[PDB]
């Protein structure tokens with residue numbers, strides 16, 4: 001599953017609605 005995944009310097013994000 002995948003909805004909204006962000007990624008920065010050395011850290012990403014995963015949030016679904």
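Please read every residue number as a count from 1 along the shown chain.
For this deposited structure, the header notes the method as solution NMR.
Backbone N, Cα and C atoms are what each Cβ position is placed from, and that goes for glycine too.
As annotated by Swiss-Prot, disulfide bond applies to 3-16, 7-12, with the evidence given as experimental evidence. Among the features that Swiss-Prot reports, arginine amide is placed at 17.
Sequence-distant neighbours of residue 3 (disulfide bond) (same chain, six or more apart, CB under 8 Å from its CB) are 15, 16, 17, listed in sequence order. Residue 17 (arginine amide) is surrounded by 4 other CB atoms, counting those within 10 A of its CB over all protein chains shown. For residue 12 (disulfide bond), the count of additional Cβ atoms within 10 Å of its Cβ stands at 8 [all protein chains shown]. Residues near residue 7 (disulfide bond) in space but far in sequence (CB under 8 A, at least 6 apart, same chain), listed by position: 13. Around residue 16 (disulfide bond), a 10 Å sphere centred on its CB holds 8 further CB atoms from the protein chains shown. DSSP gives residue 16 (disulfide bond) a coil state; it is part of no helix or strand.
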